[PDB]
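Source file: final14.txt (compact mmCIF, C-alpha atoms and all ligand atoms)
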```txt
# COMPACT_ATOMS: atom_id res chain seq x y z
CA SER S 26 72.85 110.65 82.36
CA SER S 27 74.94 107.63 83.33
CA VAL S 28 74.24 104.96 85.94
CA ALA S 29 76.85 102.98 87.84
CA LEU S 30 76.66 99.59 89.49
CA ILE S 31 79.39 99.17 92.14
CA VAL S 32 79.84 95.45 92.81
CA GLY S 33 81.22 95.38 96.34
CA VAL S 34 80.13 98.79 97.51
CA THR S 35 81.37 98.31 101.08
CA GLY S 36 84.85 97.22 100.01
CA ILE S 37 87.93 99.39 100.26
CA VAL S 38 87.53 100.66 96.70
CA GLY S 39 83.77 100.17 96.42
CA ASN S 40 83.36 102.58 99.32
CA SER S 41 85.68 105.11 97.64
CA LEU S 42 83.62 104.73 94.47
CA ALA S 43 80.43 105.07 96.50
CA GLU S 44 81.63 108.46 97.74
CA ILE S 45 83.20 109.85 94.56
CA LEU S 46 80.79 108.85 91.78
CA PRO S 47 77.82 110.96 93.06
CA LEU S 48 80.00 114.09 93.43
CA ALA S 49 79.14 116.95 91.07
CA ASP S 50 82.61 117.39 89.60
CA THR S 51 82.79 113.64 88.92
CA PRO S 52 83.18 113.08 85.14
CA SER S 53 79.91 112.14 83.42
CA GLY S 54 78.00 113.54 86.39
CA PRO S 55 75.36 113.20 87.49
CA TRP S 56 75.75 109.50 88.41
CA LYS S 57 73.00 107.17 89.53
CA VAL S 58 74.69 104.53 91.67
CA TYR S 59 73.68 101.03 92.65
CA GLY S 60 75.88 99.32 95.23
CA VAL S 61 75.90 95.58 95.95
CA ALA S 62 77.23 93.60 98.94
CA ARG S 63 75.95 90.85 101.25
CA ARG S 64 76.06 92.13 104.85
CA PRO S 65 73.52 94.67 106.09
CA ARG S 66 74.69 98.12 104.97
CA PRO S 67 77.06 99.35 107.72
CA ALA S 68 76.92 102.80 109.28
CA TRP S 69 80.11 104.16 107.66
CA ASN S 70 78.61 103.45 104.25
CA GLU S 71 75.42 105.49 104.88
CA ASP S 72 77.07 108.91 104.48
CA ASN S 73 77.21 108.25 100.71
CA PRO S 74 73.98 108.56 98.67
CA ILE S 75 74.05 105.04 97.16
CA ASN S 76 71.18 102.71 96.26
CA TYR S 77 72.15 99.73 98.45
CA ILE S 78 71.27 96.29 97.08
CA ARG S 79 71.98 93.21 99.17
CA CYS S 80 72.93 90.33 96.84
CA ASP S 81 75.27 87.35 97.16
CA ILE S 82 76.70 87.30 93.65
CA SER S 83 77.93 83.75 94.04
CA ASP S 84 74.25 82.64 93.91
CA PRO S 85 72.93 82.89 90.31
CA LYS S 86 69.38 83.00 91.65
CA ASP S 87 69.98 85.95 93.97
CA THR S 88 72.01 87.68 91.25
CA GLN S 89 69.22 87.25 88.71
CA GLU S 90 66.79 88.31 91.43
CA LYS S 91 68.53 91.45 92.65
CA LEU S 92 70.16 92.80 89.49
CA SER S 93 67.72 91.96 86.67
CA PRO S 94 65.28 94.83 87.53
CA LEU S 95 68.17 97.34 87.18
CA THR S 96 67.21 98.30 83.64
CA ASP S 97 69.39 101.40 83.43
CA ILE S 98 72.96 100.33 84.19
CA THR S 99 75.52 102.20 82.16
CA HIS S 100 78.79 101.18 83.87
CA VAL S 101 79.88 98.30 86.10
CA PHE S 102 82.69 98.51 88.70
CA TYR S 103 83.62 95.00 89.90
CA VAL S 104 85.37 95.56 93.22
CA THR S 105 85.14 92.16 94.91
CA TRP S 106 86.65 88.69 95.14
CA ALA S 107 86.54 85.49 97.18
CA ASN S 108 89.46 83.83 98.97
CA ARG S 109 90.07 80.07 99.03
CA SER S 110 92.81 77.71 100.13
CA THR S 111 94.08 76.95 96.59
CA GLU S 112 94.34 79.45 93.74
CA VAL S 113 92.60 76.89 91.51
CA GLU S 114 89.65 77.19 93.87
CA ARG S 115 89.84 81.01 93.67
CA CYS S 116 89.71 80.66 89.90
CA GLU S 117 86.34 78.94 89.73
CA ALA S 118 84.85 80.86 92.65
CA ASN S 119 85.78 84.25 91.20
CA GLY S 120 84.88 83.29 87.66
CA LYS S 121 81.41 82.22 88.75
CA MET S 122 80.77 85.43 90.72
CA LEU S 123 81.91 87.60 87.82
CA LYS S 124 79.96 85.46 85.35
CA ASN S 125 76.75 85.52 87.40
CA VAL S 126 76.88 89.31 87.40
CA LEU S 127 77.67 89.82 83.74
CA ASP S 128 75.22 87.19 82.43
CA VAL S 129 72.42 89.28 83.98
CA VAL S 130 73.42 92.90 83.35
CA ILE S 131 74.47 92.69 79.70
CA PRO S 132 71.15 91.34 78.30
CA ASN S 133 69.13 93.59 80.64
CA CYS S 134 70.92 96.96 80.22
CA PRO S 135 70.60 98.34 76.67
CA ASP S 136 72.59 101.36 77.80
CA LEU S 137 75.46 99.36 79.30
CA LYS S 138 78.58 101.05 77.93
CA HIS S 139 81.52 99.76 79.93
CA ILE S 140 82.55 97.08 82.42
CA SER S 141 85.49 97.98 84.68
CA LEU S 142 87.20 95.04 86.41
CA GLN S 143 89.69 95.38 89.27
CA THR S 144 92.42 92.75 89.63
CA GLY S 145 95.89 93.64 90.93
CA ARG S 146 99.66 93.42 90.85
CA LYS S 147 99.46 89.74 91.74
CA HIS S 148 98.76 89.37 88.00
CA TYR S 149 102.54 89.81 87.61
CA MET S 150 103.71 88.22 90.87
CA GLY S 151 101.62 85.05 90.89
CA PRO S 152 99.17 84.00 93.60
CA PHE S 153 99.87 84.27 97.33
CA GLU S 154 101.03 80.65 97.66
CA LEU S 155 103.68 81.27 94.97
CA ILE S 156 104.73 84.87 95.62
CA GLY S 157 108.47 85.04 96.05
CA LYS S 158 108.74 81.45 94.81
CA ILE S 159 108.52 81.85 91.01
CA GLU S 160 110.49 83.58 88.25
CA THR S 161 108.50 86.70 87.51
CA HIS S 162 109.22 89.36 84.93
CA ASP S 163 111.77 91.80 86.19
CA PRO S 164 109.99 94.84 87.75
CA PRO S 165 108.81 97.59 87.23
CA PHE S 166 105.79 95.73 85.89
CA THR S 167 104.24 96.93 82.63
CA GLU S 168 100.74 95.95 81.61
CA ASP S 169 101.27 93.99 78.42
CA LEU S 170 103.95 91.42 79.19
CA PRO S 171 103.01 87.73 78.97
CA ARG S 172 101.08 86.03 81.76
CA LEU S 173 102.93 83.69 84.08
CA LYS S 174 102.44 80.02 83.29
CA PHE S 175 100.63 79.50 86.63
CA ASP S 176 96.88 79.54 87.35
CA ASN S 177 95.68 82.97 88.40
CA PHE S 178 92.05 83.94 88.91
CA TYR S 179 92.83 87.37 87.50
CA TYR S 180 93.48 85.53 84.21
CA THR S 181 90.31 83.46 84.51
CA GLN S 182 88.39 86.65 85.34
CA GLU S 183 90.03 88.47 82.42
CA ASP S 184 89.38 85.87 79.73
CA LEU S 185 85.79 85.77 80.97
CA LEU S 186 85.41 89.56 80.75
CA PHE S 187 86.68 89.48 77.17
CA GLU S 188 84.04 86.94 76.09
CA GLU S 189 81.03 88.54 77.83
CA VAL S 190 81.61 92.05 76.47
CA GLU S 191 81.33 90.64 72.95
CA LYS S 192 77.67 89.73 73.54
CA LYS S 193 76.75 93.44 73.30
CA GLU S 194 78.03 95.49 70.37
CA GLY S 195 80.04 98.49 71.47
CA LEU S 196 80.29 97.10 75.00
CA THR S 197 83.75 97.85 76.28
CA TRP S 198 85.98 96.88 79.21
CA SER S 199 88.92 97.95 81.36
CA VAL S 200 91.14 96.23 83.92
CA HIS S 201 92.83 97.94 86.87
CA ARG S 202 95.76 96.42 88.72
CA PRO S 203 96.36 98.29 91.97
CA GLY S 204 99.13 97.52 94.37
CA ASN S 205 98.51 97.33 98.06
CA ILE S 206 95.58 99.65 98.66
CA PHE S 207 95.65 102.37 101.31
CA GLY S 208 91.96 102.85 101.99
CA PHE S 209 89.08 102.73 104.45
CA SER S 210 86.70 99.80 104.91
CA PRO S 211 86.21 97.83 108.16
CA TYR S 212 84.81 95.04 105.96
CA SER S 213 87.64 94.63 103.41
CA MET S 214 89.46 91.31 103.21
CA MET S 215 92.74 93.13 102.38
CA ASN S 216 93.01 96.35 104.39
CA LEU S 217 96.63 97.07 105.21
CA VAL S 218 96.13 100.50 106.80
CA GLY S 219 93.12 99.34 108.83
CA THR S 220 95.00 96.33 110.17
CA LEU S 221 98.10 98.39 110.92
CA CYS S 222 96.01 100.91 112.84
CA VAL S 223 94.58 98.25 115.15
CA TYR S 224 98.08 96.94 115.84
CA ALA S 225 99.37 100.33 116.94
CA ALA S 226 96.29 100.87 119.11
CA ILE S 227 96.82 97.52 120.84
CA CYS S 228 100.47 98.51 121.29
CA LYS S 229 99.55 101.88 122.78
CA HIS S 230 97.08 100.31 125.17
CA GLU S 231 99.61 97.70 126.35
CA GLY S 232 102.40 100.29 126.46
CA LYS S 233 104.60 98.08 124.29
CA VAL S 234 106.71 99.11 121.31
CA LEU S 235 105.35 99.21 117.78
CA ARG S 236 107.69 96.51 116.56
CA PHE S 237 108.09 95.92 112.84
CA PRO S 238 106.49 92.67 111.60
CA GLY S 239 108.24 92.39 108.27
CA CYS S 240 111.37 91.64 106.33
CA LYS S 241 114.39 93.85 105.77
CA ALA S 242 113.37 94.43 102.16
CA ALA S 243 110.03 95.85 103.28
CA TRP S 244 111.79 97.96 105.90
CA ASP S 245 114.61 99.37 103.77
CA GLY S 246 113.58 98.69 100.19
CA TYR S 247 111.46 100.93 98.01
CA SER S 248 107.73 100.33 98.25
CA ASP S 249 104.68 101.82 96.65
CA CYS S 250 100.95 101.62 97.12
CA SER S 251 97.61 102.49 95.56
CA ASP S 252 95.37 105.04 97.24
CA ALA S 253 91.75 103.92 97.16
CA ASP S 254 90.32 107.25 96.05
CA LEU S 255 92.90 107.30 93.25
CA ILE S 256 91.96 103.73 92.31
CA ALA S 257 88.35 104.92 92.20
CA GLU S 258 89.33 107.91 90.05
CA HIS S 259 91.15 105.40 87.84
CA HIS S 260 88.01 103.27 87.36
CA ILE S 261 85.97 106.35 86.44
CA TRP S 262 88.71 107.53 84.08
CA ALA S 263 88.67 104.41 81.90
CA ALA S 264 84.88 104.14 82.12
CA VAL S 265 84.48 107.52 80.44
CA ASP S 266 87.68 108.08 78.40
CA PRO S 267 87.08 106.40 75.03
CA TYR S 268 90.82 106.34 74.32
CA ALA S 269 91.25 104.13 77.40
CA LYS S 270 88.77 101.54 76.21
CA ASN S 271 89.68 97.85 76.23
CA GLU S 272 92.94 98.14 78.16
CA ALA S 273 94.52 96.90 81.36
CA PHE S 274 96.19 99.63 83.41
CA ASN S 275 98.24 99.64 86.57
CA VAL S 276 97.18 102.13 89.21
CA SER S 277 99.68 103.31 91.85
CA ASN S 278 100.30 106.55 93.59
CA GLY S 279 103.09 107.82 91.35
CA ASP S 280 105.82 107.78 94.00
CA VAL S 281 107.80 105.41 96.24
CA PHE S 282 108.44 105.26 99.94
CA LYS S 283 110.16 103.19 102.59
CA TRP S 284 108.38 101.50 105.50
CA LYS S 285 111.31 102.56 107.68
CA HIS S 286 109.92 106.07 107.19
CA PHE S 287 106.19 105.26 107.31
CA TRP S 288 106.68 103.26 110.50
CA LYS S 289 107.50 106.51 112.30
CA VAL S 290 104.29 107.98 110.89
CA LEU S 291 102.25 105.02 112.11
CA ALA S 292 103.73 105.30 115.58
CA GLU S 293 103.28 109.06 116.02
CA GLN S 294 99.62 108.85 114.97
CA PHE S 295 98.89 106.50 117.88
CA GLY S 296 101.28 107.83 120.53
CA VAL S 297 103.40 104.67 120.55
CA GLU S 298 107.15 104.31 120.72
CA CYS S 299 108.30 103.48 117.20
CA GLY S 300 110.20 100.21 116.92
CA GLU S 301 112.71 99.32 114.24
CA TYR S 302 113.27 96.24 112.07
CA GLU S 303 115.28 93.78 114.13
CA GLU S 304 117.44 91.23 112.40
CA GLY S 305 116.40 87.61 112.14
CA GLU S 306 113.27 88.05 114.25
CA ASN S 307 110.55 87.68 111.56
CA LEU S 308 107.61 88.77 113.67
CA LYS S 309 104.10 87.88 112.50
CA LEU S 310 101.06 89.90 113.54
CA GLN S 311 99.12 86.68 112.98
CA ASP S 312 101.26 85.14 115.73
CA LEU S 313 101.80 88.25 117.82
CA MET S 314 98.10 89.22 118.01
CA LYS S 315 96.72 85.77 118.88
CA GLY S 316 94.01 85.97 121.55
CA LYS S 317 94.01 89.78 121.66
CA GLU S 318 90.21 90.01 121.28
CA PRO S 319 89.70 90.95 124.96
CA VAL S 320 92.28 93.71 124.59
CA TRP S 321 90.52 95.10 121.54
CA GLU S 322 87.17 94.92 123.33
CA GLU S 323 88.75 96.93 126.16
CA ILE S 324 90.31 99.49 123.78
CA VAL S 325 86.86 99.86 122.19
CA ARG S 326 84.91 100.18 125.46
CA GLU S 327 87.43 102.72 126.75
CA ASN S 328 88.26 104.96 123.81
CA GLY S 329 84.56 105.16 122.75
CA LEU S 330 85.02 103.25 119.49
CA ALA S 331 82.29 101.69 117.41
CA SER S 332 81.49 98.08 118.27
CA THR S 333 83.98 96.22 116.06
CA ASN S 334 85.48 92.73 116.53
CA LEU S 335 89.11 92.48 115.38
CA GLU S 336 88.34 89.51 113.10
CA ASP S 337 86.66 92.15 110.95
CA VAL S 338 88.94 95.15 111.53
CA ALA S 339 92.33 93.37 111.46
CA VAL S 340 93.26 90.94 108.69
CA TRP S 341 96.58 89.90 110.23
CA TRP S 342 97.56 87.38 107.57
CA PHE S 343 97.36 90.02 104.85
CA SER S 344 99.53 92.56 106.68
CA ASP S 345 102.01 89.70 107.12
CA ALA S 346 101.73 88.78 103.43
CA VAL S 347 102.57 92.39 102.56
CA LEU S 348 105.42 93.08 104.97
CA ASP S 349 107.01 89.64 104.71
CA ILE S 350 108.36 90.11 101.21
CA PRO S 351 109.96 92.83 99.05
CA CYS S 352 107.78 95.27 97.16
CA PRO S 353 108.18 95.09 93.35
CA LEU S 354 107.46 98.44 91.73
CA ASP S 355 105.05 98.88 88.87
CA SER S 356 104.92 101.46 86.12
CA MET S 357 102.32 104.14 85.48
CA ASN S 358 103.59 104.95 81.99
CA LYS S 359 100.71 103.32 80.08
CA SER S 360 98.19 105.17 82.25
CA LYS S 361 100.01 108.47 81.82
CA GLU S 362 100.51 108.02 78.08
CA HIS S 363 96.74 107.44 77.86
CA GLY S 364 96.02 110.58 79.85
CA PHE S 365 95.54 109.44 83.44
CA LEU S 366 97.75 111.95 85.26
CA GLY S 367 96.20 111.43 88.69
CA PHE S 368 98.51 110.74 91.59
CA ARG S 369 98.79 110.70 95.35
CA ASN S 370 101.48 111.69 97.81
CA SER S 371 101.71 108.32 99.56
CA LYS S 372 102.85 109.65 102.95
CA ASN S 373 99.89 112.03 102.99
CA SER S 374 97.71 109.17 101.76
CA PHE S 375 98.78 107.03 104.71
CA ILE S 376 97.96 109.75 107.22
CA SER S 377 94.70 110.55 105.47
CA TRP S 378 93.53 106.93 105.75
CA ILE S 379 94.78 106.45 109.30
CA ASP S 380 92.72 109.49 110.13
CA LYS S 381 89.56 108.34 108.38
CA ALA S 382 89.61 105.27 110.63
CA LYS S 383 90.02 107.53 113.64
CA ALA S 384 87.25 109.79 112.39
CA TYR S 385 84.77 106.93 112.03
CA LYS S 386 85.74 105.81 115.56
CA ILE S 387 87.02 102.46 114.27
CA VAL S 388 90.34 103.04 116.04
CA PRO S 389 91.43 105.49 118.78
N1 LIG S 401 92.50 95.32 99.21
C1 LIG S 401 93.74 95.43 98.69
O1 LIG S 401 94.69 95.90 99.32
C2 LIG S 401 93.96 94.93 97.30
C3 LIG S 401 95.17 95.22 96.68
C4 LIG S 401 95.36 94.90 95.36
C5 LIG S 401 94.37 94.25 94.66
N2 LIG S 401 93.21 93.94 95.25
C6 LIG S 401 92.15 93.20 94.39
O2 LIG S 401 91.08 94.05 94.21
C7 LIG S 401 89.89 93.31 93.86
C8 LIG S 401 88.74 93.84 94.68
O3 LIG S 401 89.08 93.52 96.03
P1 LIG S 401 89.00 94.55 97.23
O4 LIG S 401 90.31 94.57 97.93
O5 LIG S 401 88.42 95.82 96.74
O6 LIG S 401 87.96 93.77 98.18
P2 LIG S 401 87.25 94.17 99.54
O7 LIG S 401 87.77 95.45 100.07
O8 LIG S 401 87.20 93.07 100.60
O9 LIG S 401 85.74 94.33 99.04
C9 LIG S 401 84.81 93.27 98.72
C10 LIG S 401 83.43 93.85 98.59
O10 LIG S 401 82.54 92.88 97.97
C11 LIG S 401 81.53 92.52 98.90
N3 LIG S 401 81.20 91.10 98.73
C12 LIG S 401 81.87 90.02 99.25
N4 LIG S 401 81.39 88.86 98.87
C13 LIG S 401 80.33 89.20 98.04
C14 LIG S 401 79.42 88.42 97.29
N5 LIG S 401 79.41 87.08 97.28
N6 LIG S 401 78.51 89.07 96.54
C15 LIG S 401 78.49 90.41 96.56
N7 LIG S 401 79.29 91.24 97.24
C16 LIG S 401 80.20 90.57 97.95
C17 LIG S 401 82.07 92.94 100.27
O11 LIG S 401 81.04 93.12 101.26
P3 LIG S 401 80.42 91.90 102.10
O12 LIG S 401 81.45 90.95 102.64
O13 LIG S 401 79.65 92.64 103.22
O14 LIG S 401 79.47 91.30 101.01
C18 LIG S 401 82.76 94.25 99.90
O15 LIG S 401 81.78 95.26 99.70
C19 LIG S 401 90.23 91.85 94.11
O16 LIG S 401 90.49 91.17 92.89
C20 LIG S 401 91.47 91.96 95.01
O17 LIG S 401 92.38 90.88 94.84
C21 LIG S 401 92.98 94.28 96.58
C1 LIG S 402 106.86 95.36 101.14
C2 LIG S 402 106.30 94.25 100.31
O1 LIG S 402 106.94 93.27 100.09
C3 LIG S 402 104.88 94.40 99.79
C4 LIG S 402 104.57 95.70 99.03
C5 LIG S 402 103.90 95.29 97.70
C6 LIG S 402 103.27 93.98 98.11
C7 LIG S 402 102.55 93.11 97.10
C8 LIG S 402 101.60 93.95 96.24
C9 LIG S 402 100.73 93.10 95.33
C10 LIG S 402 100.04 92.04 96.13
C11 LIG S 402 98.70 92.01 96.22
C12 LIG S 402 97.99 91.30 97.24
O2 LIG S 402 96.77 91.16 97.20
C13 LIG S 402 98.81 90.70 98.33
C14 LIG S 402 100.12 90.15 97.82
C15 LIG S 402 100.94 91.14 96.96
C16 LIG S 402 101.81 90.32 96.01
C17 LIG S 402 101.80 92.03 97.88
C18 LIG S 402 102.77 91.21 98.73
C19 LIG S 402 103.81 92.02 99.51
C20 LIG S 402 104.40 93.26 98.83
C21 LIG S 402 105.49 92.88 97.83
```

In structure tokens, write the structure found in this file.
Amino acid sequence: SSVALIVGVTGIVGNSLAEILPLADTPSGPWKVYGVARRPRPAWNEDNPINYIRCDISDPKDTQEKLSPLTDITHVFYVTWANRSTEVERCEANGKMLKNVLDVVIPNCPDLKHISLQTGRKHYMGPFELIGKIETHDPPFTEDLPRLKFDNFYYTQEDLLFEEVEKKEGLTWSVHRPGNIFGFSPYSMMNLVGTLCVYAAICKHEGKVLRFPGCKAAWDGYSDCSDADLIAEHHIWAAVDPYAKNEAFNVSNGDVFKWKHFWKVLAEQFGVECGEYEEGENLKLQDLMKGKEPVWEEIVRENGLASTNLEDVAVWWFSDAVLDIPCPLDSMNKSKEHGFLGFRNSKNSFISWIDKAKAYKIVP
């Protein structure tokens, strides 16, 4: 039997992995699962049968303290990261966290088979501060083109991964580069669906229009996304498929869509009048939602929602980051050619994840 450690078990993928790994039909079942995070385990994470371990993996002491007893790890799913003001900062911060974790597990887990690291499409686009400002490789992005000549903590994290896995013979790795993730996690630092749901709710409550806070390319251009269950299935796939070992793979839903169409979906789900991209207006939810914490607190009190503060449930800057540029497509051909044929209907994905938020009473 095989034992997973999910590093970031309350994140938008960590939660998906917390729910899928213990399932019976999950490959290499039955799975023992350890799940790490910092905050006290929230209610929406309890419905999974995970061994919850509070640990701040930036602290080498706490990481040695919390993870060293875990003698029986077989697979590691790194589903976390730390944000800073400069990418160079992100590099050292995210290297240290990843290194803390690996430096403990590998010498302590004689059954450790695989280490599965999640980065993202920003590997091809450059960091936030530089997105849309640098010559990238022409999309669709394929996994084994050269890295950009700009610092990127995905690269730092990768080169680190490579070294560590050599300490244990037969230890093997995989890298997964999702696009924007449609998922569920009121704690995630990048939760597009979650943030968009709060917006619509606020709009419904105020009776205003669901205006579009994005650029024409996001409205009318092709976009794609990465369903969080699929991303979880993708982690599991490389962790167990020996012909996927030691490879980076994109993971996206297998289709495209336009926000002009999904916007109507978003509106209908919350009973709001759907707005439409207006020229030269460049709305920002970061600007448009300033000071709305009393309105949220009213929406919550009224509609019976769980006690959430929008700071947690709405990451405005990230919705802006997403909608304020055009969406470069990636390719799933390497994944498919290696056997990962999983996919998701993105429109159904969107509704599915809007509805999980409703179901957990995060939004109305
Ligand atoms: N989210 C997206 O849309 C998206 C899209 C593409 C790529 N990615 C990439 O995917 C990777 C994983 O990110 P994610 O989006 O899955 O993150 P996420 O949803 O915010 O999840 C982070 C998880 O790690 C935990 N955590 C935070 N700080 C920790 C620490 N010091 N020690 C231990 N646990 C800690 C969080 O819980 P606590 O805060 O309670 O500890 C949470 O469980 C990152 O490299 C990210 O860039 C994300
Ligand atoms: C519509 C649009 O522009 C979106 C859809 C795909 C998005 C990108 C997908 C990859 C990515 C990962 C992130 O963590 C945020 C920034 C970026 C770089 C996103 C910025 C905005 C994009 C390009």

Quick one: everything within 7 Å of range 364-371 of chain S, counting only C-alpha atoms, minus sequence neighbours fewer than 6 positions away in the same chain. Send it as a ChimeraX atom specification.
-> /S:252,255,278-280

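For the residues S:362, S:290, S:385, S:104, ranking by smallest atom-to-atom distance to residue 71 in chain S using only C-alpha atoms places S:385 first.
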
Go through S:139, S:57, S:91, S:202 and flag the residue nearest residue 189 in chain S, using only C-alpha atoms for the distances.
->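 Checking each of S:139, S:57, S:91, S:202 against residue 189 in chain S, counting only C-alpha atoms, the winner is S:139.
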
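Considering all atoms listed in the file, the residue among S:332, S:161, S:143, S:210 positioned nearest to residue 32 in chain S is S:143.
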
Choose the residue, out of S:296, S:328, S:378, S:343, that has the smallest atom-to-atom separation from residue 229 in chain S; count all atoms listed in the file.
->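 Selected residue with least distance to residue 229 in chain S: S:296.
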
Neighbour residues at most 10 Å from (77.6, 97.7, 92.7) (only C-alpha atoms) as a ChimeraX atom specification = /S:29-35,39,42-43,58-62,75-80,92,100-105,126

At most 10 Å from (101.9, 90.4, 108.1), file frame, only C-alpha atoms: which residues, as a list in words?
-> residues 217, 220, 221, 237, 238, 239, 240, 307, 308, 309, 310, 311, 312, 313, 340, 341, 342, 343, 344, 345, 346, 347, 348, 349 and 350 of chain S

Given all atoms listed in the file as the counted atoms, nearest of S:185, S:242, S:206, S:256 to residue 45 in chain S |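 Closest to residue 45 in chain S, using all atoms listed in the file: S:256.
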
Rounded to one decimal place, report the atom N4 of ligand LIG 401 (chain S)-CA of residue 65 in chain S distance in Å.
->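 Separation of atom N4 of ligand LIG 401 (chain S) and CA of residue 65 in chain S: 12.2 Å.
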
Using only C-alpha atoms, determine which residues lie at most 10 Å from residue 388 in chain S, disregarding the query and same-chain residues fewer than 6 positions distant; provide the list as a count of residues only.
-> 21

Residues within 10 Å of ligand LIG 402 (chain S) (all atoms listed in the file), as a ChimeraX atom specification?
-> /S:144-157,202-206,214-217,239-251,283-284,342-355

If we count all atoms listed in the file, what is near residue 200 in chain S at a cut-off of 7 Å, once residues fewer than 5 positions away on the same chain are taken out, given as a PDB file with C-alpha atoms, keeping the file's coordinate frame?
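Once written, out-v5.pdb looks like this:
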```
ATOM      1  CA  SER S 141      85.490  97.980  84.680  1.00  0.00           C
ATOM      2  CA  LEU S 142      87.200  95.040  86.410  1.00  0.00           C
ATOM      3  CA  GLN S 143      89.690  95.380  89.270  1.00  0.00           C
ATOM      4  CA  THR S 144      92.420  92.750  89.630  1.00  0.00           C
ATOM      5  CA  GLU S 272      92.940  98.140  78.160  1.00  0.00           C
ATOM      6  CA  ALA S 273      94.520  96.900  81.360  1.00  0.00           C
ATOM      7  CA  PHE S 274      96.190  99.630  83.410  1.00  0.00           C
TER       8      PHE S 274
END
```

Shortest contact to residue 95 in chain S, candidates S:38, S:134, S:335, S:235, atoms counted all atoms listed in the file, goes to S:134

How many Å lie between CA of residue 270 in chain S and CA of residue 182 in chain S, rounded to one decimal?
->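 Spanning CA of residue 270 in chain S to CA of residue 182 in chain S is a straight-line distance of 17.5 Å.
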
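Taking CA of residue 64 in chain S and atom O12 of ligand LIG 401 (chain S) as the two end points, the separation is 5.9 Å.
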
Quick one: axis-aligned box around all listed atoms of ligand LIG 401 (chain S), 5 Å on every side, centre and edge lengths in Å to one decimal, written as AutoDock Vina command-line options.
```
--center_x 86.9 --center_y 91.5 --center_z 98.1 --size_x 26.9 --size_y 18.8 --size_z 20.3
```
